[PDB]
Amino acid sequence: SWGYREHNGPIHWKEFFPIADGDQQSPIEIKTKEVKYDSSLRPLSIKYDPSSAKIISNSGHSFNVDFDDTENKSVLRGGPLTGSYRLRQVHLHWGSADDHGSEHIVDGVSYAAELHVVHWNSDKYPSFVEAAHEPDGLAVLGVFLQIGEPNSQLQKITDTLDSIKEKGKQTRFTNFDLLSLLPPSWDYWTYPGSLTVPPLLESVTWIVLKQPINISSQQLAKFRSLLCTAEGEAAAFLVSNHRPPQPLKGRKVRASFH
């Protein structure tokens, strides 16, 4: 029963998941003057199939779009990665205020929100659950959102949120243009880190895009009316679901660009 409320939020997760204080925890502050440009980093290359999307649900912690992941139809390759990382799910983090919702921050600055696209190393591991337990097992693409013109694929998401208000509810969700929630510039920073929710496993190669996309305030506000509580529980709202930046512990953040 972890969450983001006073009694169960990020500062308390260590009481139940001691890896919360680990060597490679996420999110982090990206400090661009300590960032190392690296010419061995490949550009990202992304295959994606809009029919791969299957459903959206309320986890109680965010919404999740899950995708069929039995084939290599939607994959992330290149970047810092060796081999092919199969798309598993997409979700979003925000805060209670439009100007402070992202998980990662860049030189002191937070964004309105931050989209996570989660993939697993199917070249090496048999399942997402098993990859999540290996240092090279997961690759998560992070995209910042700033307040601006409404994104139509974000609108496709927000239009479902009344149908998944309570924790555990879900609904059909396919023909999802995920590539259109990426910015035009695919420059990125990368570092080794973890899930930003319990179990906080240090299995993530983070790939955070420099350029934000746009969401409207109205679109962003709709996420805050999702519940973190289930049908016939006393209602609590998911108004904020971002973890604070965690100690870097000397890890190297590399850039694809200079």
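Numbering starts at 1 and runs along the sequence shown. Basically, rigid core = biggest C-alpha set you can superpose within 1.5 Å across the two forms.
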Comparing against the shown form in 9 other deposited structures of this protein, which stretch has the larger RMS C-alpha deviation after a rigid core superposition, 171 to 179 or 147 to 155? 147 to 155
Between 180 to 188 and 74 to 82, which has the larger RMS C-alpha deviation from this form in 9 other deposited structures of this protein after core superposition? 180 to 188
Per the PDB entry, mean CA B-factor is higher for 83 to 91 or 144 to 152, namely for 144 to 152
On mean C-alpha B-factor from the PDB entry, just flag whether 55 to 63 or 30 to 38 is the higher one. 30 to 38
Checking the entry, which one of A230, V208, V197, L226 has the top C-alpha B factor? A230
Looking at the C-alpha B-factor values in the deposited entry, which of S96, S74, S180, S122 comes out highest? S180
Lowest, middle or highest third - CA B-factor, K169: highest
Divide the modelled residues of the chain into thirds by Cα B-factor and specify which third, lowest, middle or highest, holds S110. middle
For the chain shown, is the CA B-factor of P192 in the lowest, middle or highest third of its modelled residues? lowest
What third of its chain's C-alpha B-factors does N175 belong to: lowest, middle or highest? highest
Based on the deposited C-alpha B factors for this chain, I'd like to know if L201 is in the lowest, middle or highest third. lowest
